[PDB]
Amino acid sequence: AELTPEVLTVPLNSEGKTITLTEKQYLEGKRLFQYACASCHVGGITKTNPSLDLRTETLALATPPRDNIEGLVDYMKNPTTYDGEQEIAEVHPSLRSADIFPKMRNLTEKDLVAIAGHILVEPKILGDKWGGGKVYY
Amino acid sequence: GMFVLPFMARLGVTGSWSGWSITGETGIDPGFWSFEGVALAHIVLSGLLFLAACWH
Amino acid sequence: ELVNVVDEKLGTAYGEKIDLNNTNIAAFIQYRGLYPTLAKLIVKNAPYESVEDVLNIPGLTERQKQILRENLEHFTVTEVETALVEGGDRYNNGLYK
Amino acid sequence: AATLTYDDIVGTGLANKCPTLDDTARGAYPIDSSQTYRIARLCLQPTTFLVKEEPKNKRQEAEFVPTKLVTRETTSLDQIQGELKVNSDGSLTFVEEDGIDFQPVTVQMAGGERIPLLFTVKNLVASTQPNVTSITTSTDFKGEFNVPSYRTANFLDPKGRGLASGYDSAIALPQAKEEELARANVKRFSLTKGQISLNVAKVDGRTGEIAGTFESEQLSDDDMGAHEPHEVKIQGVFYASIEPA
Amino acid sequence: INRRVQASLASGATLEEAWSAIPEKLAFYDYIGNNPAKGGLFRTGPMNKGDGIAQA
Ligand code: CLA
Ligand code: HEC
Ligand SMILES: CC1=C(/C=C/C(C)=C/C=C/C(C)=C/C=C/C=C(C)/C=C/C=C(C)/C=C/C2=C(C)CCCC2(C)C)C(C)(C)CCC1
Ligand SMILES: CCCCCCCCCCCCO[C@@H]1O[C@H](CO)[C@@H](O[C@H]2O[C@H](CO)[C@@H](O)[C@H](O)[C@H]2O)[C@H](O)[C@H]1O
Ligand SMILES: CCCCCCCS[C@@H]1O[C@H](CO)[C@@H](O)[C@H](O)[C@H]1O
Ligand SMILES: CCCCCCCS[C@@H]1O[C@H](CO)[C@@H](O)[C@H](O)[C@H]1O
Ligand SMILES: CCCCCCCS[C@@H]1O[C@H](CO)[C@@H](O)[C@H](O)[C@H]1O
Ligand SMILES: [Ca+2]
Ligand SMILES: [Cl-]
């Protein structure tokens with residue numbers, strides 16, 4: 001098995017558009033995810049709220065939808081609760097809250113895309129392991 | 001089938017460290033000389049006598 | 001006659017749908033728009049005689065009422081089960097991942 | 001008094017005691033029945049736990065007997081709040097809403113038997129006599145409360161059996177006949193009622209603070225249906241601050 | 001056992017008849033309590049002492 005261009009092709013928006021990430025993009029997203037996110041989201045779960053994971057199916061049912069690049073990038077700028085009802089930048093890392101979450105300062109649009117790409121590609125590789133927790137280790 | 005208990009009781013040992021008495025009282029404090037303290041005293045005595053035997 | 005009441009309840013609609021009177025709050029993550037805001041209002045205002053009674057929670061916005069209507073089909077009500085609602089278990093039932 | 005800080009209190013045992021009022025507080029706190037009220041803090045400090053002995057006959061006067069607390073200074077109920085309604089007959093009814101309204105407690109009977117109980121006033125509704133135009137040292141509250149299972153539904157026994165989790169059989173005895181073990185294998189969740197009296201001994205009419213003695217009756221732990229509970233009588237002191245809501 | 005049952009079904013037996021034609025002796029070998037690798041070093045005595053005396 002390989003990390004093919006097909007594996008690296010993910011939804012850009014809600015409207016059927018896709019983007020094909022490069023191998024470099026994927027690997028940078030992984031590095032950045034580790035750097036900025038994995039302290040809470042290691043392996044696709046969420047340590048400070050295990051009820052919400054990063055599985056693609058879970059992301060698809062968030063409001064607004066988060067199962068695409070643009071939705072994830074918006075989340076990293078202006079995070080909300082799962083119903084979209086409250087903005088949570090004060091307690092979740094975001095560009096809007098990079099003052100209080102300093103590992104978000106100087107993330108570029110490309111960096112956010114790369115992280116988003118990681119989040120969508122990883123379950124395509126790992127299956128249920130992504131967002132599965134210890135059951136699937 | 002109690003054989004030594006009644007001897008302890010005849011002479012005034014009626015309580016346990018656990019809080020009961022053979023008259024059916026509760027929350028009683030027998031001091032050291034409960035049934036248990038008498039038993040421990042006998043065991044310690046036994047030991048001391050054993051050691052004195054060795055010396056003699 | 002000795003019965004495990006949780007196992008018994010799995011044979012009711014509690015085993016098939018979100019029971020507004022019993023089910024732990026995380027279940028509301030299954031469908032779009034229910035968690036956390038509506039989820040909290042539902043659990044706080046339980047129990048309900050019928051699923052449609054969820055529409056009457058004081059203070060719901062017009063949008064919230066629409067969202068509840070879209071999801072009535074995924075809800076049920078059964079009798080309150082003490083074992084499922086004590087301990088604050090509807091807010092945290094000891095299951096994480 | 002020199003208003004105590006956490007560092008003044010920590011480790012002294014004072015944290016498990018209810019506030020007290022001194023001897024000057026034999027006043028009357030006026031009740032204006034157009035006004036709504038609240039209890040801002042209700043505190044219950046148990047000083048004795050009595051357990052009803054389970055005699056052979058049946059019928060005889062079975063007495064409540066003294067016990068020794070083995071779980072240390074962890075017994076008090078506090079930070080309890082709720083509505084204080086003024087009823088049409090001039091009685092008051094306290095409806096408990098929230099607070100630290102339970103404590104697990106283990107007391108030991110003479111001979112060693114340990115009696116765990118969920119000492120509680122969960123969902124207390126307690127009322128005065130009619131015509132309480134002022135709360136005085138004649139006032140009292142009587143009411144009832146809920147007493148849920150001492151262990152909640154996830155609790156697993158030493159062989160891993162539970163109600164909401166766990167095995168449903170005795171797995172170490174794979175070919176044992178199941179009928180004899182049903183009471184142990186099938187966990188049950190108790191919910192019973194208790195009764196409490198609050199006797200007001202002291203009232204500060206300026207501040208709305210009251211204190212007194214209480215006696216509560218409730219069942220002990222039944223170990224998720226494995227054995228019969230015991231009846232328990234809890235006696236102690238209480239404190240409450242009343243405020244217009 | 002499955003082979004015998006299938007041969008019976010294929011000869012027109014009902015399911016009741018097919019399974020009723022299996023000898024109890026054959027069925028009892030297909031039970032793990034007769035497996036010699038299910039015991040214990042200090043679990044003493046006959047197999048009957050654990051699961052019981054098989055009746056039917
Ligand atoms: C090869 C020898 C052998 C074997 C395979 C058997 C097999 C059997 N016997 Mg028989 N039997 C034997 C010899 C044997 N027997 C002898 C010599 C006698 C006379 C004592 C008997 C008397 C006997 C009776 C009376 C009964 C049996 C029964 C049985 C059955 C149950 C066995 C059981 O529970 O074991 C249990 C085995 C153990 C608990 C293992 C013991 C391990 C030892 C104690 C270890 C010692 C360690 C050592 C001290 C360490 C030293 C350290 C040092 C060097 C530093 C089984 C079919 C039972 C039965 O069902 O009969 C119908 C029964 O009632 N047998
Ligand atoms: C712990 C302090 C966290 C870190 C670091 C990051 N996230 Fe997070 N994330 C966290 C929580 C507690 C939650 C749930 C928030 C809520 O109340 O709704 C989240 C949620 C997300 C989501 C939404 C997932 C969903 O299914 O809808 C996403 C997409 C997400 N987080 C992404 C993300 C990224 C990319 C991070 C690094 C830049 C990151 N999170 C950090 C807690 C924490
Ligand atoms: C008074 C009193 C009493 C009593 C008392 C008594 C009874 C006592 C006893 C005592 C005793 C009874 C003592 C004893 C002692 C002993 C000893 C002291 C010993 C010693 C020994 C030795 C020293 C030894 C050595 C050796 C050895 C060991 C070995 C070999 C070698 C040799 C020999 C070297 C009472 C309690 C009632 C009460 C209170 C008071
Ligand atoms: C004042 C506030 C309002 C008070 C509200 C408190 C009342 C509780 C809600 C009433 C619910 C009706 O009562 C409930 O009915 C449903 C539907 O028949 C039953 O659940 C049922 O579900 C399924 C349907 O797939 C059946 O397979 C099952 O045999 C059956 O038990 C519950 O076992 C019962 O507990
Ligand atoms: C072997 C160690 C001895 C332990 C001693 C514990 C003393 S305990 C002591 O015993 C007295 C004597 O009757 C009583 O009067 C008193 O009430 C009791 O507390
Ligand atoms: C060998 C050392 C062990 C000795 C222990 C002596 C216990 S001392 C004993 O303790 C009881 C409390 O249970 C009291 O009722 C009793 O008054 C006291 O003397
Ligand atoms: C030297 C004696 C030391 C051992 C004393 C053991 C504690 S004393 C013991 O306590 C049990 C539990 O309360 C009681 O049931 C029993 O009646 C009593 O004898
Ligand atoms: Ca009084
Ligand atoms: Cl899930």
Side-chain angles (χ1 to χ4, degrees), chain A residues 40-63 65-67 81-83 119-120 122-124 126-137, chain B residues 4 7-23 25-56, chain C residues 10 14-19 22-36 38-39 43 71 74-75 89-97, chain D residues 66 68 108 110 164-165:
Chain A
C40 298
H41 293 291
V42 51
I45 51 77
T46 308
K47 284 185 166 166
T48 57
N49 192 351
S51 295
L52 290 165
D53 64 35
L54 302 186
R55 290 190 87 241
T56 306
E57 304 78 355
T58 308
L59 293 170
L61 288 158
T63 301
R66 312 294 189 178
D67 64 324
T81 48
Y82 196 62
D83 53 12
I119 291 173
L120 303 172
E122 216 62 10
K124 302 177 73 176
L126 294 174
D128 288 335
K129 288 196 175 61
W130 185 255
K134 70 184 80 169
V135 169
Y136 294 90
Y137 285 2
Chain B
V4 301
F7 290 93
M8 282 180 286
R10 176 165 76 170
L11 296 185
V13 179
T14 54
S16 169
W17 288 338
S18 172
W20 55 263
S21 86
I22 50 143
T23 58
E25 299 160 298
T26 46
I28 63 95
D29 177 24
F32 179 77
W33 298 114
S34 65
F35 297 112
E36 299 82 19
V38 172
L40 176 60
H42 282 83
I43 291 300
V44 177
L45 177 61
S46 184
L48 293 175
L49 294 171
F50 177 86
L51 293 171
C54 294
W55 190 91
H56 274 286
Chain C
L10 295 174
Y14 175 85
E16 293 151 29
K17 286 187 180 170
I18 306 172
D19 180 350
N22 290 291
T23 302
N24 164 274
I25 195 162
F28 291 104
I29 290 159
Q30 281 180 84
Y31 305 105
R32 181 182 322 279
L34 301 178
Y35 182 99
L38 281 172
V43 180
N71 287 283
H74 303 306
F75 302 163
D89 284 359
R90 290 198 76 183
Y91 300 105
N92 187 326
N93 63 1
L95 280 64
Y96 302 99
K97 284 276 180 178
Chain D
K68 293 191 172 144
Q108 194 169 298
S165 191

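Lettering of chains follows the sequences in order, A, B, ..., and the numbering in each one begins at 1. Computation of the quantities below employed the complete heavy-atom set of this structure, encompassing side-chain atoms and omitting hydrogens, waters and symmetry-equivalent molecules. Numbering of ligands and ligand atoms starts at 1, following listing order.
Shortest contact from atom 9 (C) of ligand 3 to any protein heavy atom: B/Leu45 CD1, 4.4 Å. The protein non-hydrogen atom at the shortest distance from atom 23 (C) of ligand 3 is B/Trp55 CD1, 4.2 Å. Among protein heavy atoms, the minimum distance from atom 38 (C) of ligand 3 is reached at B/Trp33 CZ2, 4.8 Å. Protein heavy atom nearest atom 21 (C) of ligand 3, with residue, atom name and distance: B/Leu51 O, 3.6 Å. Closest protein heavy atom to atom 10 (C) of ligand 3: B/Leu48 CD1, 4.5 Å.
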Using residues 25-53 of chain B as the side-chain source, report each donor-acceptor pair under 3.5 Å to any protein atom, sequence neighbours left out, with the distance given to one decimal.
| unit_1 | atom_1 | unit_2 | atom_2 | d |
| --- | --- | --- | --- | --- |
| B/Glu25 | OE1 | B/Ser21 | OG | 2.9 |
| B/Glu25 | OE1 | B/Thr23 | OG1 | 2.9 |
| B/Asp29 | OD1 | B/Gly31 | N | 3.3 |
| B/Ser34 | OG | B/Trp17 | NE1 | 3.0 |
| B/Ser34 | OG | B/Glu36 | N | 3.1 |
| B/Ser34 | OG | B/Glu36 | OE1 | 2.8 |
| B/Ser34 | OG | B/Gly37 | N | 3.0 |
| B/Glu36 | OE1 | B/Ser16 | OG | 3.3 |
| B/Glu36 | OE1 | B/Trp17 | N | 2.7 |
| B/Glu36 | OE2 | B/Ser16 | OG | 2.6 |
| B/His42 | ND1 | B/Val38 | O | 2.9 |

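With sequence neighbours left out, A/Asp83 forms a side chain to side chain donor-acceptor pair (under 3.5 Å) with A/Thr81, C/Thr37. The side chain to side chain donor-acceptor pair (under 3.5 Å) test applied to C/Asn92 returns C/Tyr96, not counting sequence neighbours.
Nearest heavy atom pair, residue C/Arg90 against residue C/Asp19, reads NH2-O, 3.5 Å. Here the closest non-hydrogen pair linking C/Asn24 and C/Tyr91 is ND2-C, 3.9 Å. The shortest non-hydrogen separation linking A/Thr56 to A/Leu120 is OG1-O, 4.4 Å. Of all heavy-atom pairs between C/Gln30 and A/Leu61, the closest is O-CD1, 3.6 Å. Nearest heavy-atom pair, A/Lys47 versus A/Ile45, reported as atom, atom and distance to 0.1 Å: CG-CD1, 3.6 Å. What you find for A/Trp130 and A/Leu126 is that their closest heavy atoms are N-CB, 4.2 Å.
Atom 3 (C) of ligand 3 lies below 4.0 Å from none of the non-hydrogen atoms of the protein. For atom 16 (C) of ligand 3, the nearest protein heavy atom is under 4.0 Å away. Counting only heavy atoms, the protein gets under 4.0 Å from atom 33 (C) of ligand 3.
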Atom pairs and distances, ligand 5 N/O vs protein N/O under 3.5 Å:
| unit_1 | atom_1 | unit_2 | atom_2 | d |
| --- | --- | --- | --- | --- |
| ligand 5 | 10 (O) | B/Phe32 | N | 3.4 |

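Side chain of A/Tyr82 to main chain of A/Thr58: a donor-acceptor pair is present (N/O by atom type, distance under 3.5 Å, no hydrogens or angles).
Nearest residue to atom 19 (C) of ligand 3 from B/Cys54, B/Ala52, B/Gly47 is B/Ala52 (criterion: closest heavy atom).
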